[PDB]
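Here you get one chain, nothing else, as structure tokens; it is the form deposited in one PDB entry.
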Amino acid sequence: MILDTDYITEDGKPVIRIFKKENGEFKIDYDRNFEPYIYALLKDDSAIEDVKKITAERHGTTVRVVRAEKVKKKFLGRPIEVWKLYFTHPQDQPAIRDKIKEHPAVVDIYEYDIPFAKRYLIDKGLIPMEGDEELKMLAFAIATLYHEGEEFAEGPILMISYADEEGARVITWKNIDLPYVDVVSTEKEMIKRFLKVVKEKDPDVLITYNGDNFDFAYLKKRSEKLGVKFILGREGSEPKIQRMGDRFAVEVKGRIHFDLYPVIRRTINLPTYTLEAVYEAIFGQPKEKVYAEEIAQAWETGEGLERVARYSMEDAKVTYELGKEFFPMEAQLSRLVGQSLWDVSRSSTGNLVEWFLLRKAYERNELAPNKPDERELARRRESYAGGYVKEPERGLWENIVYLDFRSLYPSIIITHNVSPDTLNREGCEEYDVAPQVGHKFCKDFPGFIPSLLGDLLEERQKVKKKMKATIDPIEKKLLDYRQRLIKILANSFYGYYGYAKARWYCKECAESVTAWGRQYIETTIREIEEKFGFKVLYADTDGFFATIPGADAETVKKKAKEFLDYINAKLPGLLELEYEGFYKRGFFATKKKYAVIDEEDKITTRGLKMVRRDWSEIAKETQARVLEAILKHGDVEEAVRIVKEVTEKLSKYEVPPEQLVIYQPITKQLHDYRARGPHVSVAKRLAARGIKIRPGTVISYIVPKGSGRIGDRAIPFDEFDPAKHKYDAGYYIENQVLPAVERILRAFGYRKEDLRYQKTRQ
């Protein structure tokens, strides 16, 4: 299989290098004949004589057009003849493309900003990560000596740990007596030993957790200080640190540096992305965190260094385990997009779609449209109508089914041939007209993007069938992320039509997809209510919750399956409504906010959690009891007795002050805050008192009754005393308990006045 491609320059000419692993052997193949080029559309063919003579400069070197070739291509399916302008070196292109575009005889230029190594993979039809080749993997982590107020990598690396299928080891330059610890004389010998381990093991994949921004840069500064050639690359090169957006990315030539951080960050939704939080979220097992301040104290005092070495060993061990689980998903994405694993694992969804389209356009002899200029970008900022969100039905409902369209927007694109090359194309025998917006789409030939979505949907469904049939819950969770990645990718082709920077931008296509979606959902709602006696409780874009008011579970399931057979027979092409779930009870508060309970007693809440906001244990506990009373017990009157009980106890000062602690994290330096909330106000006072506040510190505070605003009175819970200080009962009622439970009890007709304590007169 092909792992990656790049290019080097030999005598001013580029040489493509293809990094491969074939039959367990690493190989580098060289192509010295592939030439860079761009296209030019001219107003007249005779002007090519003047265009061939255009020159530019590139550090003393005169840049010239090597040769030209008139080629017949297509632009949005319409034939167009352009001139393929060849160059000696890819860096000639940025130096001369503006001068060629500015020539009076040149109407426009195309495919001028495609990186040379990626252009090679596309033009040669090569796809990375193909085949039954087994890759050797090795994860690594570093433990460093940190002291606040110091420059980056000023302190030494204390330990370098690594892990693979054979186990995990730690290299350190202090005498720690553990079986997996290798003790060396100095930091220099430790780095040299790690470099030796990677050369001996010769891994195809180097796994890190944030190695793109921390591990490699730290190793680089330490190697520069110690005079060590950190030759990790298979061709003797050192790691190549490049700028990627607002951060950095690191390559190790001949190997795949798989940094798990960007992959995990876009795959799983978590409040924190520490290696410990990621490991527990995936494997359901805890990982102990040993902080930087503890590592430094253990090193300087010599005490408890076994705990630091164990923490370091487990960093490498869990990074290897996480790498094993997430690599198959990324390797499949590399095959789909047709680009290296290093690229697809770090690139945005917009870039994945664009790289996939550039390849398919090449296969189909289609000229790629250019990225918009500043003027065109300003023209593409207008929005369009999206999905339909029904206002939910107030009240408690029983025996509810959730029906949802399978891959709605991609199925609409395939069925109705929604593409920029089919939009208002004259001369066709057949058209599909988008409702409301009226855009017409030619149906005589498959459109560019519609013809490509089918295979993605087929691939996703194969993964879903594998998933539902998986015994292992970890493997099933990873297959769930895999099918969801393809689901998000397929939907991003729709989004891409309305994305201002898209090459194949088509706002008409985007608003037609949403218009057809709005038509299908509203028609389906009308159909289930009028033909089958269902009541649609709530709907959002392509799915809805419905029930037959006076019917048992067996009847509602039976009639939902009858409706699905009926509606699926009426729906055209790839459009299909699926049975997604059954819920015993369910309440629908507002749009995007509701809670449902399945037959196994599992509650699913959407828009109700709101965990980023500041919540007290009393508000969390009250909302938990309210939802338990409504969904589990089916008793709305009990839920309102709980809220009235809590507000009465808060007013009477009967609630233990332990339930009033608000915990919220400090996420940056205290000086870097724009707005000062209660948690920041407490933290600034604690910092002034000598307490070390750092990003990650949780502030546990309580609001007392007093003079100033919330943050002014707010104090740490370690300073509160119920025998001296009276808590702010009104705050816990009006700002914590009531806002959280009112949004739920709105559905049953209860307002804030009904939830508050009686205040009876004597």
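In this text, residue numbers run from 1 along the sequence as written. Superpose the two forms; the largest set of C-alphas matching within 1.5 Å is the rigid core.
Unshown form deposited in another entry; subsequent notes refer to it.
Only one of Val82, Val318, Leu121, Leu485 has its C-alpha shifted by 2 Å or more between this form and the one not shown once the core is superposed, and that residue is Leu485.
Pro420: CA moves less than 2 Å between this form and the one not shown after rigid-core fitting. Annotation: Cα of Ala729 displaced by at least 2 Å between this form and the one not shown, core superposition. Relative to the superposed core, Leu738 undergoes a C-alpha shift of no less than 2 Å between this form and the one not shown. In the other entry, the CA atoms of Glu276 and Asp472 move apart by 3 angstroms or more relative to this form. Put simply, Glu276 and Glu658 come closer in the other entry: their C-alpha atoms are 3 Å or more nearer than in the form shown.
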